[PDB]
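Structure first, then comments.
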Amino acid sequence: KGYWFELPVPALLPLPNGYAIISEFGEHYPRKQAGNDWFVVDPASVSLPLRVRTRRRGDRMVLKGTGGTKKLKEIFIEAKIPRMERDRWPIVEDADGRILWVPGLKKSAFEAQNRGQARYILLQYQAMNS
Ligand SMILES: [Cl-]
Ligand SMILES: [Cl-]
Ligand SMILES: [Cl-]
Ligand SMILES: [Cl-]
């Protein structure tokens with residue numbers, strides 16, 4: 001039940017788990033309240049293209065601030081995610097394999113800060129329900 005996508009931008013990318021990832025370019029840094037279902041990337045500071053793929057064992061990501069490095073498995077357990085939905089859960093990495101974001105669950109230190117960059121990549125994670 002595994003998958004792997006190169007993530008174009010702009011794009012709306014339906015996923016085998018019933019969710020979609022939407023990408024687009026934006027000039028401005030987001031103002032919305034912090035949440036795990038959106039993400040901001042600075043193209044200049046991360047290796048493109050982005051990919052979205054399912055988990056492998058050993059997968060770890062570096063948390064914001066002094067959070068430290070955290071194994072993805074631990075994140076799924078703490079979130080009480082059913083074993084079947086984790087095997088199917090999108091993981092957003094850069095072209096180098098750095099895990100940037102686990103949509104809906106956790107952000108890495110690699111999320112853009114508001115630093116006067118000319119342009120950002122904006123990501124959104126949303127269900128195909130209603
Ligand atoms: Cl906004
Ligand atoms: Cl808001
Ligand atoms: Cl958090
Ligand atoms: Cl940044």
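Chains: A, B, ... in order of the structure tokens. Residues: from 1 per chain. Ligands: from 1, in order shown.
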Can you pull out every residue within 12 Å of residue 31 (chain A), counting only C-alpha atoms, but drop anything in the same chain fewer than 5 positions away, and send it as number ranges by chain?
-> A: 38-40, 113-114
Proximity of chain A to ligand 2: per-residue shortest pair, 10 Å limit, only C-alpha atoms and all ligand atoms, as a tab-separated table:
residue	atom	partner	partner_atom_place_in_ligand_line	distance
A:30	CA	ligand 2	1 (Cl)	9.2
A:31	CA	ligand 2	1 (Cl)	7.1
A:32	CA	ligand 2	1 (Cl)	3.9
A:33	CA	ligand 2	1 (Cl)	5.0
A:34	CA	ligand 2	1 (Cl)	8.3
A:35	CA	ligand 2	1 (Cl)	9.2
Apply DSSP to the structure's backbone, then extract all residues of region 43-130 of chain A labelled strand (DSSP E) and return them as number ranges by chain.
-> A: 50-53, 60-62, 69-71, 91-93, 99-102, 106-107, 120-127
Report as a PyMOL selection string which protein, DNA and RNA residues come within 10 Å of ligand 4, using only C-alpha atoms and all ligand atoms.
-> chain A and resi 40-46+109-117+120
Go through region 18-72 of chain A and flag each residue having an atom no more than 12 Å from region 82-87 of chain A; for those, report the closest pair of atoms plus their distance in Å to one decimal, using only C-alpha atoms, ordered by chain and rising number, as CSV.
residue,atom,partner,partner_atom,distance
A:18,CA,A:85,CA,10.6
A:19,CA,A:85,CA,11.5
A:53,CA,A:87,CA,10.0
A:54,CA,A:87,CA,6.3
A:55,CA,A:87,CA,6.3
A:56,CA,A:87,CA,8.7
A:57,CA,A:87,CA,10.5
A:72,CA,A:86,CA,9.7
Since we have the selection now, will you write its residues out, keeping N, CA, C and O atoms, as a PDB file, in the first residue's frame?
ATOM      1  N   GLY A  18      -7.155   9.080   0.610  1.00  0.00           N
ATOM      2  CA  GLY A  18      -8.372   9.869   0.583  1.00  0.00           C
ATOM      3  C   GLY A  18      -8.179  11.338   0.897  1.00  0.00           C
ATOM      4  O   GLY A  18      -9.147  12.090   0.981  1.00  0.00           O
ATOM      5  N   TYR A  19      -6.926  11.749   1.069  1.00  0.00           N
ATOM      6  CA  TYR A  19      -6.600  13.154   1.294  1.00  0.00           C
ATOM      7  C   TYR A  19      -5.875  13.717   0.083  1.00  0.00           C
ATOM      8  O   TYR A  19      -5.431  12.971  -0.792  1.00  0.00           O
ATOM      9  N   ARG A  53       5.708  10.746   0.086  1.00  0.00           N
ATOM     10  CA  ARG A  53       5.850   9.310   0.112  1.00  0.00           C
ATOM     11  C   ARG A  53       5.445   8.735   1.459  1.00  0.00           C
ATOM     12  O   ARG A  53       5.222   9.467   2.418  1.00  0.00           O
ATOM     13  N   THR A  54       5.328   7.418   1.516  1.00  0.00           N
ATOM     14  CA  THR A  54       4.876   6.753   2.721  1.00  0.00           C
ATOM     15  C   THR A  54       6.083   6.397   3.571  1.00  0.00           C
ATOM     16  O   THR A  54       7.220   6.452   3.106  1.00  0.00           O
ATOM     17  N   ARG A  55       5.833   6.001   4.809  1.00  0.00           N
ATOM     18  CA  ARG A  55       6.911   5.839   5.775  1.00  0.00           C
ATOM     19  C   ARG A  55       7.852   4.687   5.471  1.00  0.00           C
ATOM     20  O   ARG A  55       7.466   3.697   4.861  1.00  0.00           O
ATOM     21  N   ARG A  56       9.103   4.848   5.889  1.00  0.00           N
ATOM     22  CA  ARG A  56      10.054   3.748   5.950  1.00  0.00           C
ATOM     23  C   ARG A  56      10.508   3.634   7.391  1.00  0.00           C
ATOM     24  O   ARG A  56      10.397   4.593   8.162  1.00  0.00           O
ATOM     25  N   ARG A  57      11.023   2.475   7.775  1.00  0.00           N
ATOM     26  CA  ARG A  57      11.485   2.344   9.149  1.00  0.00           C
ATOM     27  C   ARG A  57      12.822   3.066   9.331  1.00  0.00           C
ATOM     28  O   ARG A  57      13.675   3.053   8.441  1.00  0.00           O
ATOM     29  N   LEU A  72       9.545   9.007  13.323  1.00  0.00           N
ATOM     30  CA  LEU A  72       8.172   9.111  12.836  1.00  0.00           C
ATOM     31  C   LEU A  72       7.213   8.122  13.511  1.00  0.00           C
ATOM     32  O   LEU A  72       6.053   8.453  13.770  1.00  0.00           O
TER      33      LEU A  72
END
Might you pull out every residue within 8 Å of residue 22 (chain A), with only C-alpha atoms counted and same-chain residues fewer than 6 positions away left off, and present them as a PyMOL selection string?
-> chain A and resi 10-13+123-126
Using only C-alpha atoms and all ligand atoms, find the one residue out of A:52, A:81, A:105, A:127 that sits nearest to ligand 3.
->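 Checking each candidate against ligand 3, we get A:105 as the closest.
Among the candidates A:20, A:7, A:118, A:100, the residue lying nearest to residue 50 (chain A) is A:7 (atoms considered: only C-alpha atoms).
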Could you build a table of the residues in chain A lying no more than 8 Å from ligand 3, giving for each the nearest pair of atoms and their separation in Å rounded to one decimal place, using only C-alpha atoms and all ligand atoms, ordered by chain and ascending residue number, as a Markdown table?
| residue | atom | partner | partner_atom_place_in_ligand_line | distance |
| --- | --- | --- | --- | --- |
| A:36 | CA | ligand 3 | 1 (Cl) | 7.4 |
| A:105 | CA | ligand 3 | 1 (Cl) | 7.4 |
| A:106 | CA | ligand 3 | 1 (Cl) | 5.8 |
| A:107 | CA | ligand 3 | 1 (Cl) | 7.1 |
Any chance you could list, as a list in words, the residues in region 25-122 of chain A that come up helix (DSSP H, G or I) when DSSP is run on the backbone?
-> residues 43, 44, 45, 72, 73, 74, 75, 76, 77, 78, 83, 84, 85 and 86 of chain A
Go through A:59, A:94, A:24, A:74 and flag the residue nearest residue 5 (chain A), using only C-alpha atoms for the distances.
->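 Looking only at the distances to residue 5 (chain A), the closest residue turns out to be A:94.
For the atom pair formed by CA of residue 121 (chain A) and CA of residue 26 (chain A), the distance is 6.2 Å, given to one decimal.
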In Å, how far is it from CA of residue 2 (chain A) to CA of residue 88 (chain A)?
-> 6.4 Å
Please, what distance in Å, to one decimal, runs between CA of residue 62 (chain A) and CA of residue 102 (chain A)?
->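 Interatomic distance here is 11.4 Å.
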